[PDB]
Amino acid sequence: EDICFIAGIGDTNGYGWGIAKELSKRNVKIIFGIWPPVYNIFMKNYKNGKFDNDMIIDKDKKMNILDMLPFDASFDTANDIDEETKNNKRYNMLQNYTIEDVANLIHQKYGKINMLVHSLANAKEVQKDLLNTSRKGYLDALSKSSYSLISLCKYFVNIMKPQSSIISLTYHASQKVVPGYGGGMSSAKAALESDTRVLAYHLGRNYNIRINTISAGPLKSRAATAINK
C-alpha cells in the first residue's frame, strides 16, 4: 500500500497534477496539500466536476484521491502562525494546516506513508531582478521555496516507512543565469539542490530514505504565468 503526499497542488495545470496522474497509473493513493488561499476555490471546482476529464487515466480508470488537505509551507508548527493570517479571510474557517499538523493529521487518518513530493515555490519579489530584490523578499523566497523542503522532511520522516522516497522540483536557473527569474528564486533553487545532497546524507544514513530533485523544463503553469518578464 503506497501513499504519496503531494504538497503544492492548486489546479490541474502544474507539475503536481502531472505527478499525481502518473502515480495513480501505478495505483498509489494520493493526498493533496493545498495552499489555504486557493483551497476553497479548489474544492469548489473539484465538486462541480471541473476536473473530471483531467482525472481519467489512460488505462481507462479514475484517478483516486485519498484526501485533500489545506497546507501552508511557510508555517512549521501551530505557534508559528502570525495573528494577521491567523485572522485572514481565507484561513479562519481552516485549521491544522501547518507542516507538523498535516503530518499528524495524515498519520492519524491513514498511518505511515512512503512517498513525499515537494512541488511548491513562492517569492514576493519574483518580478524584480536579483540586484533589486530586498532582504525581506529574498528571505521570503528561500523560506517558502527552500526551507519548506527541510521542514517537510524533518516532520514527515516520523510518519514514513524505511526505504520511502522524497522528490522536489528545481530549475536550471540555479546553475546558469536566466534573466527574468528573479526575486531570489535562482538563489532558492541553488539552495534546494545543495540541501538535497546534504539531506540525502542525513536521511540515507539515519533512516534509509532517499531524496532527489527533478530539474524540469518549461511548463505553462499558473505560477509560470506570474513571472512577468
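Note that residue numbering begins at 1 and tracks the sequence as displayed.
Report the stretch with the higher mean CA temperature factor, choosing between 173-181 and 188-196 on the basis of the entry.
173-181 has the higher mean C-alpha B-factor.
Between 219-227 and 4-12, point out the one with the higher average CA B-factor as the PDB entry records it.
The deposited B-factors put 219-227 ahead on the C-alpha mean.
Looking at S151, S143, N88, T133, which has the highest CA B-factor as recorded?
When the deposited C-alpha B-factors of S151, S143, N88, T133 are compared, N88 is largest.
By the CA temperature factor listed in this entry, which of these ranks top: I34, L203, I57, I30?
In the PDB entry, the greatest C-alpha B-factor among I34, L203, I57, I30 is found at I57.
Mind checking which third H107 falls in for C-alpha B-factor across the chain?
Its C-alpha B-factor, which the entry lists for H107, ranks in the middle third among residues of this chain.
Among the chain's modelled residues, which third holds the C-alpha B-factor of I159?
Within its chain, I159 is a middle-third residue by C-alpha B-factor, going by the deposited values.
Divide the modelled residues of the chain into thirds by Cα B-factor and specify which third, lowest, middle or highest, holds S24.
For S24, the deposited C-alpha B-factor lands in the highest third.
Within this chain's modelled residues, let me know which third the CA B factor of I166 belongs to: lowest, middle or highest.
Its C-alpha B-factor belongs to the lowest third of this chain's values.
Is the Cα B-factor recorded for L116 in the lowest, middle or highest third of its chain?
Its C-alpha B-factor, which the entry lists for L116, ranks in the lowest third among residues of this chain.
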